[PDB]
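Take a look at this single chain in structure tokens; it is the form deposited in one PDB entry.
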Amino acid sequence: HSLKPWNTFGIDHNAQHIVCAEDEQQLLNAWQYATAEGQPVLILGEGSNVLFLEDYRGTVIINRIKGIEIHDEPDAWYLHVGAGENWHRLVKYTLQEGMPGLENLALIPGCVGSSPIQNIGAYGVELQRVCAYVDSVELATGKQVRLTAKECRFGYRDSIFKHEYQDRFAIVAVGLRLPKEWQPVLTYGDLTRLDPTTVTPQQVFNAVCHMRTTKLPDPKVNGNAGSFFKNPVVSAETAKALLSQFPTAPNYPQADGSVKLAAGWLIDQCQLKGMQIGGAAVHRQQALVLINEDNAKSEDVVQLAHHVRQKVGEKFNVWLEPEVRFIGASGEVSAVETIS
């Protein structure tokens, strides 16, 4: 069975079984069944962060556990959201319902269960800010677990679910804490033009969606998995050196002296916008996004990434690391290794 509907990149590879789990017991059943048949199991929300490299030897579970629960506290609305829930429709609903605090993370694809995994962030906010806890099933034992946001170990596009807990657990629900006292995050890009007291949550939603819509490709049109590489963090010295010859480089300094750079700027600086390898290209309005321009095979996407990464590594000696998850036949492989 074909994985192509199940991943936003539009990559056509195959799995032994693909299965929609619409409740927790169901998911657990499908996992127990495939691992009892010696098969690997892959859980997916919408497949918007995965690149299939090969045909997959096991079972792919599509997490579709839905439902929202809202618990009132004097300080905050607490939401208990099913993993199979679509994140942008949750952002829309929460705002429609008078519970703001998710608008900066508007239009990010995927399911709510997947949002802790890579600490979803855009426009000044990461999921860690409104995340209370995450609920999982210990797939290997049925044991139901709850982690606090602290125990989640949130990082820039990181969490415990990319390490200790990865294939051991399946997320079934995420707990969100939205403060009743709304507080607008207007620190990023065109949001700094909005005033903190006149602005409604819906104008931030619109302001964010407009920046997104102007630069980012629709997977409906051309398949992609968003920002293919992470923004590089370099040493204080190396950032100063690159910024000596390249003064206008977007850079985001840390307290601890090190500097984050813009990976999309560095790719752009190598004149790779519009560059193609087979059906895969570097998107012209945002060079950090690789796309499925025409019936792209997974090897084309891997080669374009190897090409873009070598070019930036030769020009800037900054070596780019992918944010997309590389899935090979028996489970996830190392993406940098595959594009080296």
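Each residue number is its position in the shown sequence, starting from 1. The term rigid core refers to the most C-alpha atoms you can superpose between the two forms while keeping them within 1.5 Å.
One more form of this protein, deposited in another entry, exists but is not displayed; see below.
Peer 1: Which of the listed residues (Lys162, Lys260, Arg129, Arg157) moves its Cα by 2 Å or more between the shown form and the other one when the core is kept in place?
Peer 2: C-alpha shift of at least 2 Å: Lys260.
Peer 1: State yes or no: after fitting on the rigid core, is the Cα displacement of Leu242 between the shown form and the other one at least 2 Å?
Peer 2: Where the cores coincide, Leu242 still shows a C-alpha shift between the shown form and the other one that is 2 Å or more.
Peer 1: Quick check: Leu216 between the shown form and the other one - does its CA shift reach 2 Å or more after fitting the rigid core?
Peer 2: No, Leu216 moves less than 2 Å.
Peer 1: Quick one: once the rigid core is lined up, does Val233 have its C-alpha move by 2 Å or more between the shown form and the other one?
Peer 2: Yes; that C-alpha moves by at least 2 Å between the shown form and the other one.
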